[PDB]
Amino acid sequence: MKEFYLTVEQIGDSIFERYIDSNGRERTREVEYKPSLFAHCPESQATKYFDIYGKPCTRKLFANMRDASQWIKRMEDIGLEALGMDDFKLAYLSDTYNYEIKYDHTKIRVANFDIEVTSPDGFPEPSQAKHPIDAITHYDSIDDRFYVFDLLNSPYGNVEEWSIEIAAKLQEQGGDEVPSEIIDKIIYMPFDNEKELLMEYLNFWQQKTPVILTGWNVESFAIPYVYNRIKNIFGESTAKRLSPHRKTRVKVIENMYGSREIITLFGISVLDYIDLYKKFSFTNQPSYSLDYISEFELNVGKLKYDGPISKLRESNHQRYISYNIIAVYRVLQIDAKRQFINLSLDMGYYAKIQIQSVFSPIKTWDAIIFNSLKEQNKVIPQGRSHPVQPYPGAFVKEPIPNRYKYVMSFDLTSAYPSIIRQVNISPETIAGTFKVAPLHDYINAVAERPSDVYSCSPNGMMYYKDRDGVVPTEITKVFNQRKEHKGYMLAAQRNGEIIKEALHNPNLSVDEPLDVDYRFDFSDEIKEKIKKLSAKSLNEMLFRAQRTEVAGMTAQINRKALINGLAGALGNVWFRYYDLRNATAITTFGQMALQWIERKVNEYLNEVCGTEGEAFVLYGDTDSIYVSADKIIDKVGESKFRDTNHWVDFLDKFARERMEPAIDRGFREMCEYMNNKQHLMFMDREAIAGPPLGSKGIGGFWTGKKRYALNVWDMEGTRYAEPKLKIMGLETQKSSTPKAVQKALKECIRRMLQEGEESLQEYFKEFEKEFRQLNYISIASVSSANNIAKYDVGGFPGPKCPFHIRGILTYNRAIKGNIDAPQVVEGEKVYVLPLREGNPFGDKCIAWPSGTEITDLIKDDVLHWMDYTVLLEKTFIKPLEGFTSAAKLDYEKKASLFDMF
DNA sequence: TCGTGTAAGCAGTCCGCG
DNA sequence: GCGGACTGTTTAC
Ligand SMILES: [Ca+2]
Ligand SMILES: [Ca+2]
Ligand SMILES: [Ca+2]
Ligand SMILES: [Ca+2]
Ligand SMILES: [Ca+2]
C-alpha cells in the first residue's frame, strides 16, 4: 500500500508524525524538518519559484523551524513580505505525501469513550477534578471491543461487580437491555481502587493509542477531567501520557462573552461528536443531550433511571455501568448512520491537514490551495492583517403575502461556486476594474458592456480569461465530488419512494429483502421483485434505502458546505486570500443573476400567455425563483386532468421542455454580456407545488420574505408517493417553537394547503379545546441563554432583561441553596414557560435546562402556575393568525345568514 | 457558541404618540 | 396598542 499519515505535530524543531507505513503497521517518527520559505528576488535572478502573480522568488531553506519563524518576524520588522507556508507541519505533509492520499480506515484507531464521575456537591468541574472517576467505557475500532473500567470502591460507595447477564436481560426482567449485538464485545475490568483503574487505563491507552478520539462532549468534559484527575493524583508527567509524544497544552477557548479550557493532546486528533454533529448534521436542536439526540437520530427510548445521577451509582451500580456502555454505543450508532467520522477523514486527507482542522474551512482551503500551487512551483502569499468591514450579500425579493395555488420553483446549482467558476474569480486572476453603472442597468441590459477582453462581475471587477485561477480550479474538484454523492443521495430517495408505493400492496408471504445498491435507480427486474415482497421485507428495504440516502446526504451537503465556505472565506479577514473585491464580485453577480433571470422568465411567460407586464415570478431569494403556474394550468383547464399526478406530469414536462430552455438562453446572454469565461448558471426546476386535484386546498402561501409553505409533489425529480410540505421560516421550522406547537401548526398548514379553510377550522377548534392536557415540556418554548450575568442584579432582572433570561433568574432564586439542583449553563439552551399572576416564583416566567425535567422541588408548582392562555396565544394563535391572514383565510368560522336556521 | 459569508424573520424591552 | 430603536436570537440562503 501507499503510506499515509495519521497525526502530525510541530514540537520545537521536530515534526512528530504517526503514520501507517507500506506494510500497514502503525509507526511514529521524529523528523528534524528543515522548512523552506520565500522572498521576492530580482528578475536577473534565475529561479523556478514564482508567486501567484508571476513575480520571481528565491527559496530560503532554514536550518530549522524556529529559524524560519525568527525570519518571518524580522521580515515584518524590515517591512517585507515573507512568502510560503508558514504552518510548517502542512509543508511537511505536502513534502512527505506528495500524491493523492489513499487511506485505509481499518488501520486507523478510532476511540469512542465516556467517563462517569459521582458528585454530591453539584456538577464536577473538569478543571478541579476533585471527585473519583468511577467508570470508563472505551470502545476501540480496531479491536471492535468495549473496554469497561469499573471502580468498585470509593469514598461515595462500595459496590459489587457489574453483571453482564443482568445487563443483557430485558428492562421488563429488571435488566438493562444492553444490546445483544455488543454483549460479546464487552471486556469488563473491575478495580479495587481508583489509582489502579487509572494506571491500568494509561497502560491500555499506551497499547491502544487513539488516533481519532471522539465521544459526547469529550473535549469539554471527559478529556480534561481525565487529564486533571490523573494530574492531581499522580502529577503532570503521568497525565501527559495521554499524549503519545508526552506534550499537552491547556488551550483556552474564547468567545464574545466568557471562556473555557480544553486540553490539547499532541499526536491525537480529537473530534468531539457533539461538534461533528453541530457542524455536519444541518439540524438545529432544542437540546444536545445524548439521550435527546439519540432519540431523534435512532428512535431509541430515553435511558430511564430513578433518583438523581449523583445517587445512581450507590443505589443501582448495575444500571450505572450499563448506561455508561450504552452511552458509548449510541454515539457509534449515530455515526453508523450519519458517517461524520468517515466524512472527516475524507476531507482531512484530501486537504492534507490535521484531521481536526476539518472544523475550519479556512484552514482546509489554505491547505488545498497551498498543495495545488506547490505542484506548479508557485509560492503562496503571506497572510496580512485586515480590519473587519461589512459587505453586501444576496438579493431577496419582497413577496406579496397571499395564497399561491400552483407554483414551480427553480434555483442555481451550487450558485456561488458556479459564479466563481463562470467569472473566474481568484486572487491571481484579477485583471482590473471598469466603471460600474447602477445594478438595475445591468439587470435590464441597458448598461454599456463592461469589457471586450476580460470576464466581469457587475461590482466592477475584471478577471483574466486565458487560464483558470486556482480557486475556480480547486472549487471545481470538490464540486464534482459533491455532484457525484448527491446523485447517489437522489437515487436512494427515488428508490425510497418506489418501496413506499409497493407498501400499499404488501404480499402475504415469508421472504427476505433483496440485496441491492440503493445508490442506483432500481432496474425493472428489481421493481418486479419488489411488488411481490412482504411488508416486513419492504420495510427493511425502506430503512436501508433511507440509510443510503442519509449517507449520501452527509457526503453531498458538507462538500457543498465546504465550497460555499470558500466563497464565504474570501470575506473573512483571517483567510490568506481575503479580498472584498472578490467576495463582493460573487455576491453582486448573484444579485444581477437572479433579477436578470426574473425579468427573462416574466418576459417569456407573458409571451406564451399573450399578456404584458404580468408578474409570474412571485418570489426569489439569492439564486431562486418561484413561478406562479396558475395560468399554465388554466390554459389546458383543470377538467382535462385525470388526477393530481397528471397535472404534475404536465408541469414537470413544461418546466423541462419550455422553462429551462428559456432560462438557459437568458443566462447565456448574461454570460456573453459579462464576457464570462464559461456558462455555468444552471437553474434546474426544484419543486412542483399545488393542491390535490379537486380539493379545496390552497396549494401554498407566503407571509413575507423567508416565510412560506408549499404542498409539493415533485422535488428535484423525486416523485413522492404522498405529497410533502416544503416549509421555510415559519414556526414549524424553528427550534424555539414548542414541540407540540410545531406539530399542530404543521397540521393546520397541511389542512390549509391540502384540504381548505373548513378542515382548518375543525382542527383549530379542537386544538384550542384540548391543548391544556399537553405535557409541559411539549408546550414549553426554547431559547439559547447568553449573557446571564450581565442582566443579573442581585438575582433579579436588570434593565432590558431578555424574557428567557428573566426565566433563568426566576429559576435560580427558586433553587437557591441547593447543591443538587440542575444549574442552567451559560450559552446553552433552556425551556421557557410563562407564569400566571401572583405565583410563588414572584415573576412572569421560568426557565430551566432544555431536554430535561424540571427538578421535583418546584415541578408541581410550575405545573400549577403555568399560564396556558399566554402560551397558546404567543406560540400558536399569533403565528396562525399570520399564516391565515396572509392566505386570506379564517381560522374561526365567521357568521353567515344560514345561522338563522 | 473556536471553526466561511450576508439577509432577514420574529420576540421582547423601552417608550413615544397629544 | 402599535412602531421605531435596540438587544437577543434563529433561521434561509
Ligand atoms: Ca453519564
Ligand atoms: Ca441553489
Ligand atoms: Ca405486492
Ligand atoms: Ca436556492
Ligand atoms: Ca437543483
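These numbers come from the heavy atoms of this one structure, side chains and all, not from hydrogens, waters or symmetry mates. Proteins get letters first, then strands, A, B, ... in listed order; numbering begins at 1 in each.
Regarding A:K279, its NZ atom lies at a distance of 11 Å from the P atom of B:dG5, rounded to whole Å. Per the geometry, CD belonging to A:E474 stands 19 Å off P belonging to B:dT4, to the nearest Å. Rounding to whole angstrom units, CZ of residue A:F575 and P of B:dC2 are separated by 22 Å. One interatomic measurement links the two molecules: NZ of A:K278 to P of B:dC2, which rounds to 8 Å at whole-angstrom precision. The interatomic distance linking A:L566 (CG) with B:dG5 (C1') rounds to 11 Å, in whole Å. One atom, NZ of A:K705, and another, P of B:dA7, lie 11 Å apart when rounded to the nearest Å. Nucleotide C:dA12 holds its P atom 3 Å from the CE atom of A:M728, rounded to whole Å.
Ring-plane geometry between A:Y619 and A:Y708 is classed as tilted, the angle between the planes lying from 30 to 60 degrees on a 0 to 90 degree scale. Taking the six-membered ring for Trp and thresholds of 30 and 60 degrees, A:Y277 and A:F340 have ring planes more than 60 degrees apart, a perpendicular arrangement. Ring pair A:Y578/A:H386 is tilted by interplanar angle, where 30° to 60° counts as tilted.
Of the candidate nucleotides C:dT11, C:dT7, B:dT4, C:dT11 has the atom nearest to the side chain of A:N284. Closest approach to the A:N787 side chain among B:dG12, C:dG8, B:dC2 is made by C:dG8 (side chain taken as heavy atoms from C-beta onward). For A:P361, the listed nucleotide lying nearest its side chain is B:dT4; candidates were B:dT4, C:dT10, C:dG8. Comparing B:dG3, C:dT11, C:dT9 by their nearest atom to the side chain of A:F359 picks out B:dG3. Nearest to the side-chain atoms of A:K800 among the listed nucleotides B:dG5, B:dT13, B:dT4 stands B:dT13. The side chain of A:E219 lies closest to B:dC2, out of B:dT13, B:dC2, B:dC10. In the set B:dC2, B:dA8, B:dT6, B:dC2 carries the atom at the smallest distance from any side-chain atom of A:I253. Taking the side chain of A:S360 as heavy atoms from C-beta on, and the options C:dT11, C:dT9, B:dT4, the nearest nucleotide is B:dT4.
For A:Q356 against B:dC2, no side-chain N or O and base N or O form a donor-acceptor pair under 3.5 Å. Applying the 3.5 Å distance criterion, the base of C:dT11 shares no donor-acceptor pair with the side chain of A:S735. With hydrogens and angles ignored, a donor-acceptor pair closer than 3.5 Å exists between the side chain of A:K706 and the base of C:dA12.
Where A:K790 and A:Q733 each meet DNA chain C at their nearest nucleotide, the meeting point lying more 5' is that of A:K790.
As judged by a 4.0 angstrom heavy-atom cut-off over every strand, A:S784 is placed among the base-contacting residues.
Side-chain contact between A:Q356 and A:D275: absent, with no pair of heavy atoms (C-beta onward) separated by less than 4.5 Å.
Residues A:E474 and A:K477 are paired through a salt bridge, judged by an N-O separation under 4.0 Å between the basic side chain and the carboxylate.
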